[PDB]
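# Architecture at a glance
Listed below, chain by chain, are the residues.
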Amino acid sequence: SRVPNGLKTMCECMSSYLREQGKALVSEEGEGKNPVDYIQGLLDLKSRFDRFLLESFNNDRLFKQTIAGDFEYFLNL
């Protein structure tokens, strides 16, 4: 947080990991993917990331913005 352009690439890598996890969670390949179990897994990740934000990123606006955009794009995919 002391050096400029640090939170930028931090949130960039966080969003990259979020995209990877999402593409792994909504992977079209596979028929019969329990619809309920799918969202349950995403719910666990979502709550864990919200807890991570308040327990580590001290509720920084940038991190919130990034995770929001990420979720939107991947679920729209």
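Residues numbered from 1 in each chain as written, not as in the entry; some residues may be left out. Part of a larger assembly, values for the part shown. Heavy atoms only, no water.

Its PDB record attributes the structure to cryo-EM, giving the resolution as 7.86 Å.

## Observations regarding helix α2 (residues 35–55)
As a reminder of what qualifies: Going along the chain from the N terminus, every DSSP run of H or I of four or more residues is numbered as a helix, and every run of E of two or more is numbered as a strand. Here the expected length of a helix is defined as 1.5 Å per residue gap, with one fewer gap than residues. A contact between two residues is defined here by any heavy atoms of the two lying within 4.5 Å.
With 21 residues, α2 extends 31 Å from end C-alpha to end C-alpha; this agrees with the ideal 30 Å at 1.5 Å per step. Packed against the buried residues of α2 are α1 (6–25) and α3 (61–76).

## What about unusual backbone geometry?
The line we're drawing: Burial classification: accessible surface area is computed with a 1.4 Å probe over protein chains only, and a residue below 20% of its type maximum counts as buried, one above 50% as exposed, and the rest as partly exposed.
Even without a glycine there, the phi angle at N5 is positive, about 60 degrees. Position of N5 among the secondary structure elements: in the segment before α1. Assessed through its relative accessible area of 61%, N5 is described here as exposed.

## Quick look at the packing of aromatic side chains
Test applied: Each aromatic pair joins two rings of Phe, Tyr and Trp (for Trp, the six-membered one) with centres within 6.5 Å, and gets the label stacked for planes under 30 degrees apart, edge-to-face for over 60, and tilted for any other angle. Only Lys NZ and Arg CZ are tested; either one counts as a charge over a ring when it is within 6 Å of the ring centre and within 35 degrees of the ring normal.
A complete count under the given rule lists 3 aromatic pairs for this structure. Ring geometry for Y17 and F49: centres 6.4 Å apart, planes at 35 degrees, overall tilted. One end of the pair, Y17, is in helix α1; the other, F49, is in helix α2, and 32 residues separate them in sequence. Looking at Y17, the relative accessible area reads 35%, which means it is partly exposed. Taking 5.5 Å as the distance between ring centres and 50 degrees as the angle between the ring planes, the aromatic pair formed by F71 and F74 counts as tilted. Here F71 pairs with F74, and both are found in helix α3, just 3 residues apart, close to one helical turn. Here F74 falls in the buried class, since its relative accessible area comes to 2%. Its guanidinium or amino end placed over the ring of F52, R51 lies 4.2 Å from that ring's centre, counting from NZ or CZ.

## Considering the pattern of salt bridges
Note the following rule: Salt-bridge detection follows one rule: a side-chain nitrogen of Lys or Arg within 4 Å of a carboxyl oxygen of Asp or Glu.
Taken as a whole and assessed by the stated rule, the structure comprises 4 salt bridges. Taking the shortest distance from any N to any O, the salt bridge between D70 and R19 comes out at 3.0 Å. With a gap of 51 residues between them, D70 in helix α3 and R19 in helix α1 connect regions that are remote in the sequence. Taking the shortest distance from any N to any O, the salt bridge between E55 and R51 comes out at 3.7 Å. Here the residue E55 and the residue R51 both occupy positions in helix α2, the gap between them amounting to 4 residues, near one helical turn.

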